[PDB]
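Worksheet: the structure to be examined is printed underneath.
Chain naming here is simple, since letters A, B, ... match the order of the sequence lines and numbering starts at 1 in each. Remember, it's 1-based here, ligands and their atoms both numbered in the order they're listed. Only this structure's heavy atoms are used, side chains among them; waters, hydrogens and symmetry mates stay out.
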Amino acid sequence: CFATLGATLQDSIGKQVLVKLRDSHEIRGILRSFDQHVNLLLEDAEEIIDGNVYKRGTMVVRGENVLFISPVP
Amino acid sequence: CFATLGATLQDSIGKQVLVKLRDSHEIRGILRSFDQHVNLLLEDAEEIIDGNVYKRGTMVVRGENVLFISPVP
Amino acid sequence: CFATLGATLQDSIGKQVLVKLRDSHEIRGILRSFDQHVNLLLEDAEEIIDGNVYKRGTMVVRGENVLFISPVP
Amino acid sequence: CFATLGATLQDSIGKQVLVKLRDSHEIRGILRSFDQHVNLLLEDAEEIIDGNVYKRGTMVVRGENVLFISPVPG
Amino acid sequence: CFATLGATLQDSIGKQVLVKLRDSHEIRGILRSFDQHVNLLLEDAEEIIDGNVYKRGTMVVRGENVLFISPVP
Amino acid sequence: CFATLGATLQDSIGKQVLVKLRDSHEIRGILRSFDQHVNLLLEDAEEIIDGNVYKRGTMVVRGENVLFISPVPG
Amino acid sequence: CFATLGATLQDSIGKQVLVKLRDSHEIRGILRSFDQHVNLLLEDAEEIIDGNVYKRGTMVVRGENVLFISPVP
Ligand SMILES: O=c1ccn([C@@H]2O[C@H](CO)[C@@H](O)[C@H]2O)c(=O)[nH]1
Ligand SMILES: O=c1ccn([C@@H]2O[C@H](CO)[C@@H](O)[C@H]2O)c(=O)[nH]1
Ligand SMILES: O=c1ccn([C@@H]2O[C@H](CO)[C@@H](O)[C@H]2O)c(=O)[nH]1
Ligand SMILES: O=c1ccn([C@@H]2O[C@H](CO)[C@@H](O)[C@H]2O)c(=O)[nH]1
Ligand SMILES: O=c1ccn([C@@H]2O[C@H](CO)[C@@H](O)[C@H]2O)c(=O)[nH]1
Ligand SMILES: O=c1ccn([C@@H]2O[C@H](CO)[C@@H](O)[C@H]2O)c(=O)[nH]1
Ligand SMILES: O=c1ccn([C@@H]2O[C@H](CO)[C@@H](O)[C@H]2O)c(=O)[nH]1
């Protein structure tokens, strides 16, 4: 009787997640924190660009451009 | 005497749906939860990219970037 | 002495309509329901992509990306 | 002492207008109705795509994605 | 002790201006009216597209897509 | 104990600034005025298009499409 | 029991940060200030365009077009 998206992100704290953003951006990282707007705090994050992988470390991601968030299987 | 879009989504719970997003993204998965902004929780989700299928598993999709959702026939 | 766009959509219930969206999407389907934000419920819908036609069936379309809706003559 | 954009649209009722939208869309038709958000109802509308004309008839256009509306001189 | 953007546009009434919009649109015309949202009423307007010049005459432009407005020297 | 972005802009009045906008636009001009929404008034402005400079003069820029503002060094 | 994104940014004051924006813009600089909307004040900022570095100095970045902010490791 309530949406479970929030419960899902809470369950993802500490897990690696795949995040895709507007303008064809693809990021992977450990989800450490997030808010109701889907703004995210990732650690050990990395960008995947045309097969290249660039480690970034800590990353704050604005929710407005997030397409989806998926815990890596 | 009321729009039936929400009713359609409720009826799609547990069914596979095709979801297209901004920037030509195409995703398929089992609809498990959603809210009034069309934010979605999908299970057994996959992206269709250039004819290939990438399995992702659990996926939270932001409604703001959703173009359409269609239960797979 | 009032805009007649809503009356036009009401009159299009049950008719086939052409809908184009942001990012060059073109869809055709039977309009079954809609709301004041132009969110739409289509049945027997199909996507037209580069000459290809993909049948989808039931489709919920977010009005925010809708460019136009035109009852098929 | 007030903007006249609204009066211009009122004056275009019944006239053909050229309308361009986001993502390079170009449409023409007779303006039959409009609101303050620039949502439009066109009759005898047609899309101009790569120099070719596609007749659509009645068309509801969302103002959110309109760039400009220009009554056709004629 | 106040922003002077509004004053500038007021001073441009009756002048020819260059207006550039989202998606690479470039327009020239005489500014006849405007509002606080930068919506514009132009007369004797023309579009400049890849070297082509198409005369349009009267044009109502939505401020939301305006990039800049520059009265022509 | 407060953001200093507005103070930076205030300090930029009279200086030439580089402004880049959505859709790859690059502009330069003297910052003369601005508001809390980052709408800008530029004088002696110019666009840089494909390496070439096009002088425009006075220009009103909408903050919504602004990516960044940077006073030109030296 | 609260999101830690804001605290991450506070901790990054005086640090080198990598910032990516809409339309494929990539910027590097020292974070000097910021607000709740992710508008940023950067110093010794530079743009990375096609693999080359363009030094810009002081830069105010609008949060609305920011994709992510990542403190350089
Ligand atoms: O698209 C999304 C993804 C996640 N959530 C989270 O799920 C809860 C829904 O009420 C919120 O706390 C929020 O953090 C949303 O609301 N929307
Ligand atoms: O595009 C859509 C899909 C669904 N709904 C339904 O309408 C309510 C909108 O807030 C929600 O509860 C949802 O079920 C919409 O309005 N728009
Ligand atoms: O694009 C549209 C279509 C319809 N409506 C309104 O929604 C109602 C639908 O019956 C009408 O009264 C009409 O004013 C809009 O505001 N915008
Ligand atoms: O871009 C435009 C075009 C027209 N109007 C007119 O101004 C009024 C604003 O509420 C409406 O009645 C409408 O006709 C605008 O405000 N903005
Ligand atoms: O950057 C801008 C552009 C326009 N305006 C509004 O547009 C009108 C321009 O003369 C003014 O009344 C003002 O309210 C602004 O506030 N900021
Ligand atoms: O991007 C910006 C620029 C300025 N300001 C604030 O808005 C006021 C404009 O005069 C200033 O005091 C400043 O703190 C912002 O919030 N964001
Ligand atoms: O993405 C972000 C980054 C920071 N903040 C908050 O906005 C304030 C800016 O000073 C901080 O206290 C911080 O908690 C957010 O809400 N979202």
Side-chain angles (χ1 to χ4, degrees), chain B residues 1-3, chain C residues 1-13 17 19 31 33-40 61 63-70, chain D residues 1-13 17 19 31 33-42 58-71, chain E residues 2-13 15 17 19 21 31 33-42 58-71, chain F residues 19 21 31-42 58-66:
Chain B
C1 33
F2 49 80
Chain C
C1 39
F2 52 82
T4 60
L5 284 65
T8 303
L9 294 181
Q10 284 173 20
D11 289 342
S12 307
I13 290 299
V17 292
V19 183
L31 184 68
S33 192
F34 69 87
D35 64 20
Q36 71 248 277
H37 308 297
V38 200
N39 288 310
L40 319 174
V61 185
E64 133 160 281
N65 307 118
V66 170
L67 299 172
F68 69 68
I69 299 174
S70 172
Chain D
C1 28
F2 49 86
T4 53
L5 306 241
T8 296
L9 292 188
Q10 283 171 25
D11 293 337
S12 306
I13 289 295
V17 298
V19 179
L31 179 68
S33 184
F34 65 92
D35 62 28
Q36 56 194 298
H37 302 299
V38 195
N39 289 312
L40 319 157
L41 169 67
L42 303 176
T58 299
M59 190 187 283
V60 170
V61 186
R62 286 190 66 255
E64 189 193 315
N65 302 126
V66 167
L67 291 173
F68 71 71
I69 305 174
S70 180
Chain E
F2 52 83
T4 59
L5 283 74
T8 302
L9 295 179
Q10 277 172 30
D11 295 336
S12 304
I13 288 291
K15 297 179 178 180
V17 298
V19 182
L21 313 180
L31 181 66
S33 184
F34 67 85
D35 64 27
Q36 51 189 299
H37 301 301
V38 193
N39 289 305
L40 313 173
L41 173 68
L42 304 177
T58 296
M59 181 188 295
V60 168
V61 183
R62 291 186 62 252
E64 158 162 271
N65 299 119
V66 171
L67 292 176
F68 71 66
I69 297 172
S70 186
Chain F
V19 185
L21 318 175
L31 180 62
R32 292 295 181 207
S33 181
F34 69 89
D35 63 23
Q36 50 204 285
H37 297 115
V38 191
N39 285 318
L40 314 170
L41 173 57
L42 301 185
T58 297
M59 179 191 289
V60 168
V61 186
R62 280 189 71 253
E64 207 201 309
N65 303 121
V66 172

**Prompt:** Stepwise, does the side chain to side chain contact (heavy atoms under 4.5 Å, CB included) test hold for D:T58 with D:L42?
**Reply:** CA-CA 6 Å; D:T58 299; D:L42 303 176; over 6 Å; no
Could you give the distance from [atom1] ([X]) to [atom2] ([Y]), rounded to the nearest 0.5 Å?
| X | Y | atom1 | atom2 | value |
| --- | --- | --- | --- | --- |
| C:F68 | D:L40 | CZ | CG | 12.5 Å |
| F:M59 | F:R32 | CE | CZ | 14.5 Å |
| D:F34 | C:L5 | CZ | CG | 10.5 Å |

Can you pull every nitrogen or oxygen pair between ligand 3 and the protein closer than 3.5 angstrom?
from	atom 1	to	atom 2	distance (Å)
ligand 3	10 (O)	C:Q10	NE2	2.8

**Asked** Can you list every pair that meets side chain to side chain donor-acceptor pair (under 3.5 Å) and has a residue in residues 2-12 of chain C, with sequence neighbours left out?
**Response** C:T4-D:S33
**Request:** With D:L41 as reference, evaluate D:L31, D:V60, D:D35 under the side chain to side chain contact (heavy atoms under 4.5 Å, CB included) test and give the passing residue.
**Result:** D:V60
